[PDB]
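Notes for the one structure printed next.
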Amino acid sequence: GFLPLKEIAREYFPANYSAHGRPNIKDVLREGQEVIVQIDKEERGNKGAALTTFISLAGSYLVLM
RNA sequence: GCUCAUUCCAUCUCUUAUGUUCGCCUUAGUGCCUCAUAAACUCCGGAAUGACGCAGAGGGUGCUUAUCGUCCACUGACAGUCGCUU
């Protein structure tokens with residue numbers, strides 16, 4: 066799969082985050098952490114499939130972030 | 001093309017009664033005739049077009065939606081130089 070840096074939520078970030086352009090995913094989280102995620106882009110390329118931390122809910126009338 | 005309401009070219013002509021005043025005559029004559037109140041028809045020396053048919057001639061009609069004009073600012077992407085390492 067794939068995970069853009071920007072898509073990440075507070076749970077993935079450490080309690081002590083820092084703002085220096087925040088480009089540092091190693092600083093955000095060390096790998097292996099358990100994850101919560103929904104299918105985002107149907108894999109349709111040799112490139113990875115895309116996924117987002119921000120999940121969504123499909124309600125008949127409503128949609129929840 | 002044929003033949004024709006057409007188009008833009010055709011050279012092409014006249015009238016009765018209204019009351020009146022002044023220029024003039026008939027000698028009454030209701031006038032000849034200036035002013036002057038309204039009513040009343042036509043007619044061929046070019047060059048285009050439409051009107052049928054010559055000749056081609058094998059979907060329509062009515063009414064129900066369209067909300068989108070201005071204006072204000074988070075902003076994104078797996079495919080040589082060197083600043084680098086172990």
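Numbering (the authors' numbering), first residue to last: 66 to 130. C-beta atoms are modelled at their ideal positions from N, C-alpha and C, and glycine is treated no differently.
Check                                                                                : Outcome
Three-state secondary structure (DSSP) of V102                                       : coil
Nearest to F67 (by Cα), restricted to the options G113, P88, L127                    : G113
Endpoints, alpha helix (DSSP H) assigned at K91                                      : 90 to 93
Own chain, CB closer than 8 Å to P79, minus 5 neighbours either side, in chain order : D92, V93, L94
Selected residue, minimal CA-CA separation from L70, among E76, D105, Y82, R87       : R87
Residue span of the beta strand (DSSP E) that contains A115, given as start and end  : 115 to 117
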